[PDB]
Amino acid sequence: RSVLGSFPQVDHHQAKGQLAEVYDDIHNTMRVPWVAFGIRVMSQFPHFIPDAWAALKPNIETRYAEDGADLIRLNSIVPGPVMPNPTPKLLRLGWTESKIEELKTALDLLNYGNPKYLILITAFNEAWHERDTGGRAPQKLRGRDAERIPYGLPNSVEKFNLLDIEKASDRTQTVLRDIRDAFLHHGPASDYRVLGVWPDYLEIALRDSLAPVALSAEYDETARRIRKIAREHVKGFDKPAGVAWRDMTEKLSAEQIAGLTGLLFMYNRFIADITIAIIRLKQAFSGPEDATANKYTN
């Protein structure tokens, strides 16, 4: 029994037909080089991801949504211990500067997309419960709030290739498992199936950056803060940004409504935690301003 199993989901390479188009539309609409694990997991269910994504799309594609993710991102620093810079440690492992930069770019890309995924998951979860995810505000978006951000990945960004956990070394599986468990999560975030090609670094990240704050009041309060930012932000959308499960009862069985309810709630927590975690990983390299900047859609 391997250390880490593969969690059930429609992996990037498994999406077919319309769901594959949805995955690509998520990548391009959100300008992110991976489809979040929440999506991938929930995409195993009929209808919901496509439907919810269709509602979210026009709302998440705007500058207003982008500003909300930026607010999330800016607010994602944990007032925790100060971390040492992993750079010298990676240099001591003989990583080149180019390799460290590849890691830093991967962190940046994750730190760009995760806050947008907190917007996404918030919109999906809140709308699932008929809570406010747009359309209720008296004033529609004005000025350039309503404008669309660019479509597609930013230049020079390619899609991530998430490592195959079953194929991964025990070391990779172990650190992904440790990171998972340190935060009482259910699986390694996509971020770690990205970063987990460098389990040497992830072990440093876990010891220096993540384990010291996992499950702490300060981390949880940061998550609370950013979840609140996301939740408030989506109320400014011009139209609802997900689908209500009570509207889905012809498309989904009771059992699927229950599972997706759980999943939506768990992922709303998970994305906020992962948003913080990877920002904190970049913060160790750089500092909070860099790690929370919007480096892609400005």
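The numbering used is simple: start at 1 and walk along the sequence shown.
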Comparing mean C-alpha B factor in the record for 245-253 and 231-239, the higher one is 245-253
Looking only at C-alpha temperature factors in the entry, 117-125 or 144-152, the higher average sits in 144-152
Highest CA B factor of 163, 109, 210, 77, as deposited, is found at 163
Residue 180: C-alpha B-factor third of its chain, per the entry, is the lowest
Assert third(CA B-factor, residue 292) within chain per record equals lowest
Residue 217: CA temperature factor from the record, placed by chain third, in the middle
On the chain's distribution of Cα B-factors, residue 269 falls within the third called lowest
For residue 92, the third of its chain by CA B-factor is the highest
